[PDB]
Amino acid sequence: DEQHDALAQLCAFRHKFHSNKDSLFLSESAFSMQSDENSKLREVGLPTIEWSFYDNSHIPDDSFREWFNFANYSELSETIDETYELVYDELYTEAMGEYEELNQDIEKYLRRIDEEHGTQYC
Amino acid sequence: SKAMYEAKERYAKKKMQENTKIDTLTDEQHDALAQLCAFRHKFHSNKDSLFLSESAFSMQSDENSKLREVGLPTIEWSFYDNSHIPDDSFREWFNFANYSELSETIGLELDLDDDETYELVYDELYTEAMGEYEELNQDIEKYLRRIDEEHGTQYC
Amino acid sequence: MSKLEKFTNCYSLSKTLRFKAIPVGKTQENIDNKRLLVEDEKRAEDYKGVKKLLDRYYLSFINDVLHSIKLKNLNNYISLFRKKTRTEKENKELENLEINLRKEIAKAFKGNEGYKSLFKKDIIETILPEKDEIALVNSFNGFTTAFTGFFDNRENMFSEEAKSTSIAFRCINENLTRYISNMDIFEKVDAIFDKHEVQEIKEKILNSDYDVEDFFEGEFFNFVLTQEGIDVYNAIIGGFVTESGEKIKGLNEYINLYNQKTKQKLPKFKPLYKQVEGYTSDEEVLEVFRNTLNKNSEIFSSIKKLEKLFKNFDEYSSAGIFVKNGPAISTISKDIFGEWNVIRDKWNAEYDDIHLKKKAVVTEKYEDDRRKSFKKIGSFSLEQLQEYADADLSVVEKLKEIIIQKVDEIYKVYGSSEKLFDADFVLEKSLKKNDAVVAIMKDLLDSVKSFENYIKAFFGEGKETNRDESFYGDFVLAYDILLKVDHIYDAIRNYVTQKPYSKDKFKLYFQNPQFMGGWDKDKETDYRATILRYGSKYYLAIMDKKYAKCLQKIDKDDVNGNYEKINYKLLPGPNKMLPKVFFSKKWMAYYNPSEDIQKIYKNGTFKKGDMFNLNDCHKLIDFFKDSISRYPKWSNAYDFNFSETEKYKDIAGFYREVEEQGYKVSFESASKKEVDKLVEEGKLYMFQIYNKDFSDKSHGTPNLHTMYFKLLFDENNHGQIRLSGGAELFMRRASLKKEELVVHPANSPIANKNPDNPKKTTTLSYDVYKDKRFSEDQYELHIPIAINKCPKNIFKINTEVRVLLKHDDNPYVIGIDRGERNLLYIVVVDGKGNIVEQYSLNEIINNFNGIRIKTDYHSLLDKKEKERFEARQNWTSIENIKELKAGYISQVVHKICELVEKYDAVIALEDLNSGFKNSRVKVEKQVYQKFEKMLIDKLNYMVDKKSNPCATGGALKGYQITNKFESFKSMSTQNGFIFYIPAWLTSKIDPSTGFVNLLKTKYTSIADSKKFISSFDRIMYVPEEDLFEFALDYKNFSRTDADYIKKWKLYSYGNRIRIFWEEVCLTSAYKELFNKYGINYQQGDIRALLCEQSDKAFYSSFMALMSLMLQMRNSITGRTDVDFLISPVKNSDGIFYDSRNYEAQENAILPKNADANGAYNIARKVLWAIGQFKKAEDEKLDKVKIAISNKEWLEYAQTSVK
RNA sequence: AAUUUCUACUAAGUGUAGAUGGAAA
Ligand SMILES: [Mg+2]
Ligand SMILES: [Mg+2]
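Protein chains in written order, with PDB author numbering: chain C, 28 to 59, 66 to 113, 125 to 166; chain B, 2 to 59, 66 to 113, 117 to 166; chain A, 1 to 130, 135 to 280, 292 to 1075, 1086 to 1227.
Below you can see the structure in the form of structure tokens.
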């Protein structure tokens, strides 16, 4: 079939995601997962993606009024911008570290489908 | 005269917080030293009101008593007798040499009812009082410099 | 007799009041006619100018005589130091030679053309005249002594004590140790010597002296000693211009040319020390800020040097670039590693692989020693950070790209702020009302300041091994310039946060340098100041020096117009006034005295030291007694009634007796019409002591200071508040003008702002201007008193509170703990553990006449922090919030004081140094230290104003239950009635039994989670209660050497918070996960089934539910409604504690919510300290430890309830 | 929104309730 359509659609989705992953961290940036991609991928008949997680609801973006359990935050408050930055810094790095673990799963899917059928996607 | 006021006090406050670990000798001599240092910082703050008769104020044997108890070396003061710093016995003395000066000009004799010779002895006793108290104060700064450059702490 | 009947009259004090002073009658126009303000306005302003003139002459003196000294021991110091040393007390001879050299330049100064008339009186008189400055230095012709705060320090400039600001220490131990260093480093510039560059121009246009090797050979140190020689030396280093466009080269540039072969590795010649900010107007501060941070400023060039330094950083070794241990070390480690605790963890493992045994469990004492050994180290090497780092982590790239990110961030904020350093810049609004300009300046200053704080840790306090001196030599040479930004930060910040008004004042002297020192009758014609009462409008009297006896010849008037008048007889300092008078050449010629008495005082056996003899000093006591009887002033004016001669075991006792008695103020009358006619003649000046309580409308309680000052002239004033001397007077200026005050008009309904007033709007009949007090001028007056001058119940308070608390049998305890919900939460605990009274301190009751109108501060705080949010978080909002917190911790102290009196207690208080607490109370940490200060200040002298003055607890017999504050560490572990207690494990603790979680259940791997889930005892499920009962011992877990029970039967029910903000069921969530994974979970233990699965997400969504079974604190963080503390372990009655179960009672027996629980645990720790106070002798009470450990505390809080 | 001074006030109408230790670099 014409699985190239689904693959190029996925590839451009990758090229938006990896383009500005950082504005996904903002509360209300112009943006808008895995079950939808697997739904649009099962319909054409590919193998699925084998993601790292499906639940997605713990990537911290701007609930800066809506959490506490971080030992690292306690360590930051252990010794007297300033602190604010440590809390903002740690959640930003945790968000980026979550999203690239997402992104590597799509690149792994494309490498598997690349070196099985001899096409080119990266 | 507010920014530098807070700055010079929080610098020194950070040093008094910081030097509570450097000693690492027998005991908590930092308490006696900071108590002495704040005593210095009152003394040198208003030495001048010690000259007044009844200012809000109130030596060396007491400091050596509170210093021997913790086990420091003592201070090696300049004097212990203390009873000749002139403050407001302006009715209770005469022997000074500068009557030769005051008689070189007109002035008057040794009777202080004249309003001109009054300040002309008040100046000299004020300067002698300040000159006594800074000779006191230098002894405390010498003690702190000796204890500073023997054990590597910071006090001035 | 309760626990406060002891603690009064324990030690001295010295408050000082501050009332206003309005002149009465024609006194103000009399002052303006006799022109007594212009003189002291000059005597304030001209002082820095005359200081400038005397500093000019002093520096001319130094540069004068330094052209006449050639040091002789200099060769013998230089060669003997640069000799390779190998001392064996030869460095001691070096230091002897150094102090002798300082003595040589000291002797040069001593004989330097007099110099004895350099700090005496005639320096303002004689030498300094020989322009229009003759009146300037002649403005102080009858007034010399105000220079004595200058003549001491400028004398100490000429000492030899190796002090900092002095000449001698500089020119011998900084200049010479730079000079001989450059002398040795001259050996490493001889390979680049091109005479066309180093000799053909420098020697011809600088000195025409002997050549460049003379400055490195050591026999023009005596020529370079002057500042002209330092000028020539720094010209040969840097390069003179000689007012021509050549920009002639220097030795720094000639050594900079050597790294053309990309290898410098030769240190340059360090420049020599020579020998000796805004805050007014908007155009000036903008220009100086432009001067200090434009695109060619010195600080900005320092950033450019630093960024190129860290660009070419890789050439230096990684063995010397020491990173500073401490606060910033964790932040620096976190950026490269990606984890804050990675550096601490690697050092932890590196230490425990040596000192830990072949087991793995720890003790808390070994942990505290571990933390002490980690804080033992001074700094870390970059090589050790590469050692910590695993593969693909090169710090020489990682830190370089971080710092270039920061420098490019400063360049981007320059790209933001580039409209500010332009020549055609405009100020459209003043900085008080403008926002964009000042926030731009704020972003610039904070960005460069953050850059400095990031760079800061590359010092290592060194003091090191072979550190990279070729790197540090330019690093500090840029960092000294980067540290100058604090002079701009603490200029701009305190410029913008200052008030529109201004509190500058000058001391008023009234033509006399000897002014109001005392209040002694028979010295009042000298001091020239007295105080008159009449009804209650008090008065201050100033007599002019032309007519300095206008109060002596006054009759006791009988036409009933009178001012009562003080007399104020004070014997000053009787331990060292009596030998000053009774041996002073006129008393020795009026009394005889006896020969043995003169000898016994001259040898001085009345003092201590074992020469102390009772029946020998008793004759001296009798001599003092009889002579004071014979003295005319002191036989009459006091009522001296001593003990007998055998009733003084110490002359210190007799001195205390005469110091106790020798003070009496009475009132002999005077006229009124003759006094007011006299002040109409102008021979008197008369001011009324006044504040907002001497008015005739004050229908309430006064200020406490006016209560003291009205109590200074009572017949109750024996017990004892002595009006001292040292009084001053001051004068302000009209900071504001009258017109531009925003004035509320009369007869209009004016607004309100406290929302809990039933009178939601009011109106007045007259005006109420904004800040009327700075419209005119006002005479501030100060009148310093000395409360409890003679102390009686004298003892060590820190031991007396303990020996009181042991013998006590039901000692109350207050606790005070910060909380997220409430900034301060009070809990009062009995001697058992029952919570007597628990309440918040967000609402402030003002219990005046009958009308308990409350006011909130919590709403005020959040309503001002929203303005902080919407106003880009600028300095005015910050300092407004800091002052609002300061007012709040003022008004707490009345509640704490009254609570201490009402319950007879000892305050507990959260220690700070131990910390280890989130402390999310929405208040700054510093504000708590200020609360410490403004609590121990007030509990130095506790008094409540509504009480009667004579009765105990009043303004005469106040409570003293603390010591004075000493220093920010010496406030620890006891202070009188304030105890300091570490705040560890005080908020997250079940109050019923004492279960605390200690389980690190942040998910790491199934490799850890399988063992962690097998370590539990019995995970089952009860169907007749629908609970997921867990079970465990604690001894099979790491970090667990503190609990005592270790048999914790957990459960599940009660509401919990899940991010999803959302609400989830603890036991329904467990059931839905176990029905997601298809279990017959009703035959526990089910760990055998749970150790079979192999997908990650099951265990990742199980760890996040274990943690929610353990999370006791619940904050919805958007509303104050549900902040509920729930504990998943139940007590003997089978019910586990819920906060909302205990909120809806009147007086609970357990804490209401989280902050109250945080208070109640602190109270419990002090109760344990009291329990150990009850279990020692009175000979170890000064040594009984209070620092209760985590193990001890958890043991007590579990076995208290049973 | 008035103050010896500071904070929160308008508190019965030129103030209320608490606090406040000043000069000096
Ligand atoms: Mg009042
Ligand atoms: Mg106000």
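Ideal Cβ positions, reconstructed from N, Cα and C, are used throughout, including at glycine.
{"query": "What are the uninterrupted segments assigned as beta strand (DSSP E) that are 3 or more residues long and contained completely in the region 914–955 of chain A, given in chain order?", "result": "922–925"}
{"query": "Taking 8 Å as the cut-off, does the region 207–218 of chain A touch the region 238–256 of chain A (at least 3 CB pairs, one atom from each stretch)?", "result": "yes"}
{"query": "Ligand 1 and A/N575: does any heavy atom of the ligand fall closer than 7 Å to the residue's C-beta?", "result": "no"}
{"query": "Give me the Cα-Cα distance between C/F44 and A/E1087, rounded to the nearest whole angstrom.", "result": "28 Å"}
{"query": "Report the residue from A/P528, A/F521 and A/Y943 whose alpha carbon sits nearest the alpha carbon of B/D133.", "result": "A/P528"}
{"query": "Within the same chain, show all residues whose beta-carbon is closer than 6 Å to that of A/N808, passing over the 5 residues directly before and after it, in chain order.", "result": "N9 and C10"}
{"query": "DSSP puts A/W649 in a beta bridge; with which residues?", "result": "Answer is none; A/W649 lacks a bridge partner."}
{"query": "Under 7 Å Cβ-Cβ, which residues of chain B neighbour A/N607?", "result": "The contacting residues do not exist; A/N607 stays about 18 Å from chain B at best."}
{"query": "Examine chain A for any beta-carbon lying closer than 8 Å to the beta-carbon of B/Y12, and answer yes or no.", "result": "no"}
{"query": "Of all Cβ atoms in chain A, is any one closer than 8 Å to the Cβ of B/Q18?", "result": "yes"}
{"query": "What separation, rounded to the nearest whole angstrom, lies between the Cα atoms of A/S713 and A/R747?", "result": "26 Å"}
{"query": "Looking at A/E882: is its Cβ nearer than 8 Å to the Cβ of A/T512?", "result": "no"}
{"query": "Would you kindly work out how many angstroms separate the C-alpha atoms of A/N849 and C/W84, rounded to a whole number?", "result": "56 Å"}
{"query": "Return the CA-CA distance between A/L101 and A/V228, expressed in angstroms with no decimal places.", "result": "16 Å"}
{"query": "Starting from B/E99, find everything on chain A with Cβ-Cβ shorter than 7 Å and list it in chain order.", "result": "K595, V596 and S599"}
{"query": "Determine contact between the region 939–948 of chain A and the region 701–715 of chain A, defined as no fewer than three beta-carbon pairs at a distance below 8 Å.", "result": "no"}
{"query": "Just verifying my parser: in three-state terms, what is the DSSP assignment at A/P23?", "result": "strand"}
{"query": "Short of 6 Å in beta carbon distance, which residues of its chain neighbour A/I496, apart from the five on each side in sequence? Order them along the chain.", "result": "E313, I314 and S317"}
{"query": "Residues around ligand 1, please: the ones whose beta-carbon is closer than 7 Å to some heavy atom of it, in chain order.", "result": "A/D708, A/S713, A/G715, A/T716, A/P717 and A/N718"}
{"query": "Could you tell me the distance, in whole angstroms, from the CA atom of A/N481 to the CA atom of A/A506?", "result": "39 Å"}
{"query": "Tell me whether A/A801 sits in a helix, a strand or coil according to DSSP, three-state version.", "result": "strand"}
{"query": "Within the same chain, show all residues whose beta-carbon is closer than 6 Å to that of A/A1194, passing over the 5 residues directly before and after it, in chain order.", "result": "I1211"}
{"query": "For A/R737, which beta-bridge partners are listed by DSSP?", "result": "A/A801"}
{"query": "Excluding sequence positions up to five away, which residues of its chain have a Cβ less than 8 Å from the Cβ of B/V77?", "result": "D28, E29, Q30, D32 and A33"}
{"query": "Tell me which residues of the region 125–151 of chain C have at least one Cβ-Cβ distance to chain A shorter than 7 Å, keeping chain order.", "result": "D125 and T137"}
{"query": "Name the residue from A/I557, A/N651 and A/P799 whose alpha carbon lies nearest to the alpha carbon of A/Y723.", "result": "A/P799"}
{"query": "Scan the region 740–755 of chain A for residues whose Cβ lies nearer than 9 Å to a Cβ of chain B and list them as they occur along the chain.", "result": "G740 and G741"}
{"query": "In three-state terms, what does DSSP make of A/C1090?", "result": "strand"}
{"query": "So is C/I82 in contact with chain A if we call contact Cβ pairs under 8 Å?", "result": "no"}
{"query": "Counting only the same chain and skipping the five closest in sequence on each side, list residues whose C-beta sits under 8 Å from that of C/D49.", "result": "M140"}
{"query": "What's the gap between the Cα of A/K591 and the Cα of B/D124?", "result": "28 Å"}
{"query": "I'd like to know whether the C-beta of C/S110 is nearer than 8 Å to at least one C-beta of chain A.", "result": "yes"}
{"query": "Under the three-state reduction of DSSP, which class applies to A/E165: helix, strand or coil?", "result": "coil"}
{"query": "Ignore the nearest five residues each way along the sequence and tell me which others in A/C1116's own chain have a CB closer than 7 Å to its CB.", "result": "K1025, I1028 and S1029"}
{"query": "Rounded to the nearest angstrom, what separates A/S739 and A/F521 at their Cα positions?", "result": "22 Å"}
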